[PDB]
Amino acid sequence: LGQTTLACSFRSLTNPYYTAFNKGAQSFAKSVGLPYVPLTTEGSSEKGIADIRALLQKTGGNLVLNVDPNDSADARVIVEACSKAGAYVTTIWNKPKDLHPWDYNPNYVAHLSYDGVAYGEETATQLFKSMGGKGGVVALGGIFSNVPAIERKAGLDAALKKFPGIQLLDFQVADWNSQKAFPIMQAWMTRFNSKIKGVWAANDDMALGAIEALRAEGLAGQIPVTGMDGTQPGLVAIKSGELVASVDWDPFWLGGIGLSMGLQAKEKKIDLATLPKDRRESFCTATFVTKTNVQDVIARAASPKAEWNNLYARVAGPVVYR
């Protein structure tokens, strides 16, 4: 019986969102002096669960996992594996509607998320304002089955209903990848040309991919684009006028807090069974970012006040399901 191992599972190191997510976990392990293990699936749900199992075995269950499930289906099997191993796990973003932490006390510590319908409608509303409320819009979505992809898209469709002057030219999935969004933006410009008066992206990486295509056609900054994540590269694009808005989930914080909750549960520092539901399944507070407050968000992400000890400081409310 040695030290507890802290592990963080996520899709890829190529998306700055996860670069920070990983940084935060790394920083939390650092603070408590526990070994850290990053796990990257690279899009393979099969690899992600395989790795988690391999780790659960080498630690004899003495593990605290903070994972962002590749797909919502993966969440249940991961949670089942941790539960039988006696390990503790926290979920981020993706999970089935029926999967609740309170059904797996105390191993399934918590699920963290944000209201994608609200924020998606927020970035979409800002985008349409920029367009004068009229014009053609193309939209890039995340992995089809992902909960945030579904919610943010739902937020978009709602902003559209409130702006009948906006015409949705075409919605396409780019799986959160800028390299997949690039060629899609190109084909849209060839297909719709001047009809495109704006671009909505389900996350920053895809927006930057969209902006790379615009830049290649000398339109970067002339066609308003929005994203979500609030990643440093996304923030830079906002200060430069190329991205009109984004939403900061604070991946750094997400990465560390997830493990913090899990570790405190394992140490019996918190009484899981007695926590309100909104502390088990939480929608967290995020920061809408635009040029007016971009400088403040940038400064935050270079001098992060790692509030690991204050577990429920950002609980906006419980996760809701339409």
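Counting begins at 1, following the sequence as shown.
Item to complete: Using only the Cα atoms and their B-factors as the entry lists them, report which of 61-69 and 266-274 averages higher.
Response: Comparing 61-69 with 266-274, the higher average CA B-factor belongs to 266-274.
Worksheet item: Do the CA atoms of 126-134 or those of 210-218 have the higher mean B-factor in the entry?
Response: It is 126-134.
Worksheet item: From 183, 106, 233, 141, pick the one with the largest CA B-factor in the entry?
Response: Spelled out: the listed residue with the top C-alpha B-factor is 106.
Item to complete: Tell me, lowest, middle or highest third: where does the Cα B factor of residue 165 rank within its chain?
Response: Within its chain, residue 165 is a highest-third residue by C-alpha B-factor, going by the deposited values.
Practice prompt. Please rank the C-alpha B-factors of the chain's modelled residues and tell me whether residue 237 sits in the lowest, middle or highest third.
Written response: Lowest third.
Fill in: Ranked against its chain, the third holding the CA B-factor of residue 78
It falls in the bottom third of the chain.
Worksheet item: Relative to the other modelled residues in the chain, which third contains the C-alpha temperature factor of residue 153: lowest, middle or highest?
Response: Middle third - that is where residue 153 ends up once the chain's C-alpha B-factors are sorted.
Worksheet item: What third of its chain's C-alpha B-factors does residue 175 belong to: lowest, middle or highest?
Response: It belongs to the middle third of the chain when residues are ordered by C-alpha B-factor.
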